[PDB]
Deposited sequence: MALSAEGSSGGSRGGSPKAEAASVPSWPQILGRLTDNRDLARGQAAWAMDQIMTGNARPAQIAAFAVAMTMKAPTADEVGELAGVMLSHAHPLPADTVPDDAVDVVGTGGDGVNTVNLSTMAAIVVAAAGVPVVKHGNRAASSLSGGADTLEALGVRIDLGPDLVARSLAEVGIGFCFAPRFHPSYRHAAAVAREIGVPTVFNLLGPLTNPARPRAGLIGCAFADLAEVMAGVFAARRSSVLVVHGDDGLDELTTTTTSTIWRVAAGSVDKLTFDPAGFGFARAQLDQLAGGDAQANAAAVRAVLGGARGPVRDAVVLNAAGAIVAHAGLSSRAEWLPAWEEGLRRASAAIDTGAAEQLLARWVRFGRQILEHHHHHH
């Protein structure tokens, strides 16, 4: 394989042969690709439209260079809650993660300080006083003692540094933005995974299907990279190596239609302020979206070893997510997470 051959193939709008994405990504991860080559590849792959096989190779090679968590420290039924980027919804996924954990589902998240290739989220967490830059042993302790952990992308994926510098220099989202959810170093087997583009959502669902995974890959039909409350969403429901694609409408559960501007995030501080209000009981469109997506992560979680059917799973998910907020469990778990970070 070679760069001229792989880039020529992509610029001719052709899918790569098996192994070529892996080769390129391995060159990128070993420091052997020049910044222009990295950029050429990211852009051409994006514009051809990557396939599920191509993205599985990129993600798999990247994972092979990553630091794992210590053996048998990630509970088997841990979940992730994340979007690949819009505008963004770090507000919504951060809050949903905290609520899911407060409902008793172990959560392991993965991200970087924005505007980053592997999703943001770390900034907002820092602004809440959470300690984001912890190493495997302590993320593991966090998970066992608080029920949630955060894997800081720069410490678990040091070899991704060359890709990430290119991603920053070019500014525009590429195929690399799909990698965050697919390269969580804790390897959770369940999750709610949002994406801003329907074709790329389907591609991610194909990657998760080939893993031992119970995941809802979600795309708001307004462009949101989470389940939306402004209209329908499309969901690629992934289990047992298959995909059940469906149109989802939260009006079915009593959610009023909101406006798009009402859901979008802000900076770290605005996001922290919003986390505090929602976890404190403030009702409105943001809470609703948080409850919707948390329930979504819970339904994905139930798919790992529950027999429960879609609608009953959703109804129980909504009840558990709401109760985690209304009982103060979410507020308390966030306080407990902050405490854990300070108590080192």
Write out the missing regions of the deposited sequence in sequence order, one range per stretch. 1 to 24, 111 to 112, 371 to 378
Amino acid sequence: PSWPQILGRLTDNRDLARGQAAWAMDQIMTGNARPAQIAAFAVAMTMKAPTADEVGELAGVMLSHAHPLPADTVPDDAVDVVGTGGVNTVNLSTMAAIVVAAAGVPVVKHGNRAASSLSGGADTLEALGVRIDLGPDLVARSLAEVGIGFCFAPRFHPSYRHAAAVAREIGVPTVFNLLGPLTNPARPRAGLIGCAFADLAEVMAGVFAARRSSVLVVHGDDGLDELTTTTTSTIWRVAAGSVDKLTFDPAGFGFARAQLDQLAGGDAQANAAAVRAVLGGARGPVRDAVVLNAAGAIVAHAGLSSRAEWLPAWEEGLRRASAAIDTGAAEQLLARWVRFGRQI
From here on, numbers count along this sequence of modelled residues.
Higher-scoring stretch by recorded Cα B factor average, 52 to 60 or 311 to 319: 311 to 319
Higher average CA B factor in the deposited record is what I'm after, so tell me if that's 61 to 69 or 301 to 309. 301 to 309
Identity of residue with top Cα B-factor, from 179, 105, 205, 272: 272
From 79, 82, 218, 127, can you pick the one with the highest C-alpha B factor in the entry? 127
Which third of the chain holds residue 279 when residues are ordered by C-alpha B factor: lowest, middle or highest? middle
Could you tell me which third, lowest, middle or highest, the C-alpha B-factor of residue 149 occupies within its chain? middle
Within this chain's modelled residues, let me know which third the CA B factor of residue 259 belongs to: lowest, middle or highest. highest
Taking the chain's C-alpha temperature factors as the reference, tell me which third residue 116 falls into: lowest, middle or highest. highest
Quick check on the deposited entry: does the C-alpha B-factor of residue 20 sit in the lowest, middle or highest third of its chain? lowest
